[PDB]
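Coming up, as structure tokens: structure 1 and structure 2, two forms of one and the same protein chain.
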Structure 1
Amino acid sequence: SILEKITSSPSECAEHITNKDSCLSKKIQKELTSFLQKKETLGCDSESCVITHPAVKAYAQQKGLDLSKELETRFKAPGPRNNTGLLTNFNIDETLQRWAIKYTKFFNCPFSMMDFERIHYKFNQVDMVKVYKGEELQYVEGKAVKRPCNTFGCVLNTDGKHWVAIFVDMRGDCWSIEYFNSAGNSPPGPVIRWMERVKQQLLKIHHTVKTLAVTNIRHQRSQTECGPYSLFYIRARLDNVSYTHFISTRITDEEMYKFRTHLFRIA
């Protein structure tokens, strides 16, 4: 649960592209070598800044190239990388969507509110057996995709806009349904019933299924890191970091400030 124990990095390249230097494709890289080799003229320190400079966008588009496609892919989603701004619904969906690209068996459920028992949300409509069997729809790279998933992840709002994480591990011999709250508060009734419904569903295809509330420690003392805490839990659990770390040791908000540089590209 320390920032160096997971696979992310402060790089702005998308997590799935294993490119040594540039996040750009080979065609775009040499097509824009004139602007890439002199970033500090356009007023840029990064590649996402260059291919978003209106003049570079003019050249490559009057040359047929698609720099917007090069920005949606190959790059992490834009967001509060270097500030304590609250994470929007798009900061979270676009994060789990990009995490469905590298992590080929992860289910990126769209963000849900706490009203899912009375309002339709994909979170309350999924069937975890269909998720495991590969019969539920998830949005990866833009297309609708049905694929077998051994992991399930979602981030909900407990209503200001406070984010909490849901992670379902169906990989090992013990299947766990987890609720994480950085504020250390117990899950409300609906989530408390949702996890129990997923337990009975998963007991159809596996003999051991347990529900757990990772709500022991008040990790968050700041007012802004609800998002980074929730996204960090899913990413750490995806990298096989045990939930017992989040149960026993406090992760400071300063590590969540630092984790924001792993999440976004300024835009």
Structure 2
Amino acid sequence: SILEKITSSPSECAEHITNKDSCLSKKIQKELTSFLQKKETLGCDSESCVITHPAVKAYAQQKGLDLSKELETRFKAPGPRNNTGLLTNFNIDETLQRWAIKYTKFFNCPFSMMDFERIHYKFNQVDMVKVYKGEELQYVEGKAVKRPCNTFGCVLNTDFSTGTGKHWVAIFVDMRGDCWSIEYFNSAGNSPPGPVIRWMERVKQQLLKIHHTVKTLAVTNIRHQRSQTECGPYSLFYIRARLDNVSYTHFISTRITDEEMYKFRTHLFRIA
């Protein structure tokens, strides 16, 4: 249901790719037409599996084709697409970097300030006002970028606060509407840790310098997740749904199942 709301699809091509049918460049389509049409005999059922096959890698090295750039620029990030394996910081960082291509007013948090309570004591911190004004460095594709952003997104691990282990939660700052909101989404329904509260409060004072209505909000009313594996997909789906203008009130009043989030893995990662 709600998976139909957002603008993603199970295709493994990059979201900004208009072709949609084939993810490969038209040159790479030509040079590898022999391998692509016998992909089943290579043990493959996708273009990403073909250009990662060792025989295709050798043929590409012969002809001077950069297959690694094809995977980074025209395909979605690699990750547990068809299994329930836990998301890593690399799966999340490389996914948010790709969404920043399509959503050009979206600020994806860097890799260092991703999953750490130490963000209050890190040497260089993010300034949400400088984010809004376009004066903060973000990394879109593999390139540094400064641009005005009215949305901010980050996924962090709450394992620093005592718990069973890795648990991803999402943080989203919506500066598009007349009332800006700093949002904390926990699929399990647990309140934010103290350090998260201080960070949300600090961002509110900053944003109150350039806007009149700023709310801090803990989206922890419903325990959506009953599995032990989908907190990663839950956190990424919240950011994507908010980017596609699904209100946070939907995550407050209506439950989102682990089945829907397991299917969301096919929207996140390529077949690799």
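Only residues modelled in both forms are compared. Sequence positions of structure 1, starting at 1, serve as the residue numbers. If you superpose the two forms and keep the largest set of C-alpha atoms that fall within 1.5 Å, you have the rigid core.
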Just one of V140, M114, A77, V129 has a CA that shifts 2 Å or more between structures 1 and 2 on a core fit; which is it?
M114
The CA shift of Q220 between structures 1 and 2, rigid core aligned, in angstrom, is 0.4
Align on the rigid core first, then pass along the CA displacement of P54 between structures 1 and 2 in angstrom.
1.0
As a test: superpose on the rigid core, then list the runs of at least 3 residues whose Cα atoms all move 2 angstroms or more between structures 1 and 2.
110-124
